[PDB]
Each structure stands twice: as structure tokens, then as C-alpha cells.
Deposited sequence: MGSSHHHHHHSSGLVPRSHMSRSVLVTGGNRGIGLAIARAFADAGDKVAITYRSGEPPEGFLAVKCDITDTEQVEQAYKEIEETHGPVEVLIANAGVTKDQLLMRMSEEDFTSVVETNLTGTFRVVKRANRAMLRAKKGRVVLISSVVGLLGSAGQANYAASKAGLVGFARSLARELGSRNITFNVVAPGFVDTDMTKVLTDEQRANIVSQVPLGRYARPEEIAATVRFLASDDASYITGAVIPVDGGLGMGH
């Protein structure tokens, strides 16, 4: 019943809402974080996920406590500490992709052996951004989608799915921001978590290489 779930970047914001939703549903939830005191209720591993050896030890620790990760949620969104000019910020965007590659590659090893797995990558929450900021956003998301689709092709018929959830504006002047959202409101973080939970369930077993926008119509056209 209860699964071993890992949410990287699950200490705050949408990452935390996702982590809580899995724990509230009865899964065994671990998270990674860089700094601060982590939220209550989780196996929390302080580490830099850009570092192969730190990721190895994180997974060691998680596998020894919860068993091998069956569901990986890689929250690749821009964190607090990170969010500098937009131009220099692309270096932060690159560090988020690199960490994602490493945690996913490490999780795939055990999922391959189990002949079952769920990998869900979460792009950054949308904010108001200049041209270079919008480029960095587009690059970050396409990187996730490109990675997910490649892994789906590479892994083939091993019952491991790879999907991306793309949040829009999320509630964490308000009228001026929502004026570009057809639904005319901010998302609640729980709305993002519900989609993540759906993709991680047996009901989504035939969905792979997909990007699911949870954005109120914002980016549809």
C-alpha cells in the first residue's frame, strides 16, 4: 500500500504541498533540501543534488529507511535562496537541470529492477519576468520535457512513466497579475499537488512523455 516517495526540493512552496499530499495519502515521504530547518513529517536529507556523491548518499539513507524510491517528484522550480539580474540567473536555471538529471538517473536504477516507477518533473511557478527571465523559464521547462521524453523512449516497455507538470501562477495588483489567466485566479498549491498525485497513481499508467499544464489557461496560446 504505502510507497517510498521522494520529493526533491520538497521543503517549501509547491514542493512542500506535493510532499504533504503524498504523506497525507499514507505514502512514506522523503525530501531533499539545501538549508533551513525542514518541515515536519518527512525523512529530510540535507544535500546538494548537483553533486553525484551527495545524491548517492541521500539515496542510500532513503533506501535504508523507506526502501527504494518508487515515486520520484523532482521539483526543479526556482527556490527561495535563488529567487541577481535575469541574465546572470540562467546559471541558476542550469544548476536546477543538472540536479534533476542526477536524482532521476539514481532513481531509475531501482525502478528498472522493480519493473515499475513514476517520475514527475515540476517546472517553475510563473512570475512576472522580463525577456531574459521568460527565456530562462522556457529553457528550464523544455529541458524537463526533453529529458522526460528521452527517458520514456530510452526505457521503453519497463512500466516507468516520465511526465512534467507545468504550474502557472500559484498563490504563495493581484487583479493585474490574474488578468492574463482565463480562469481569472491564482492556483492553490493543492491543485498542483492533485495533478502530481494523479500522474503518480495506477490510473495514469499509460501516460508518459506528457506535459500537464496546471495554469488556468495562461500558456495555452
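Peer 1: Relative to the deposited sequence, which regions have no modelled C-alpha positions in the structure?
Peer 2: Unmodelled stretches, in sequence order: 1-19, 103-105, 195-203, 253.
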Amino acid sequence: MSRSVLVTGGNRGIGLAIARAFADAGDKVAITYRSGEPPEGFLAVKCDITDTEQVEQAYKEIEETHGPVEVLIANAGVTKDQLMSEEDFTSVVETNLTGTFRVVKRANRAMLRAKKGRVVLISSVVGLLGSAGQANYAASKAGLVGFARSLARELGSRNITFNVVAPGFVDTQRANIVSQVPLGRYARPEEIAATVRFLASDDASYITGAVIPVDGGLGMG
From here on, numbers count along this sequence of modelled residues.
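Peer 1: Between 146-154 and 73-81, which has the larger average Cα B-factor in the PDB entry?
Peer 2: Taking the mean C-alpha B-factor of 146-154 and of 73-81, the larger value falls to 73-81.
Peer 1: I need to verify one thing: averaged over C-alpha atoms only, is the B-factor higher for 30-38 or for 159-167?
Peer 2: Per the deposited B-factors, the answer is 30-38.
Peer 1: Looking at 175, 183, 187, 193, which has the highest Cα B-factor in the entry?
Peer 2: 175 has the highest C-alpha B-factor of those listed.
Peer 1: When the deposited Cα B-factors of this chain's modelled residues are ordered and cut into thirds, is residue 1 in the lowest, the middle or the highest one?
Peer 2: Highest third - that is where residue 1 ends up once the chain's C-alpha B-factors are sorted.
Peer 1: Divide the modelled residues of the chain into thirds by Cα B-factor and specify which third, lowest, middle or highest, holds residue 7.
Peer 2: It belongs to the lowest third of the chain when residues are ordered by C-alpha B-factor.
Peer 1: Consider only the C-alpha atoms of the modelled residues in this chain, order them by B-factor as the entry records it, and name the third containing residue 117: lowest, middle or highest.
Peer 2: Lowest third of the chain for residue 117's C-alpha B-factor.
Peer 1: Mind checking which third residue 220 falls in for C-alpha B-factor across the chain?
Peer 2: Its C-alpha B-factor belongs to the highest third of this chain's values.
Peer 1: Thinking about Cα B factors across the chain, which third does residue 110 belong to?
Peer 2: Residue 110: CA B-factor falls in the middle third of its chain.
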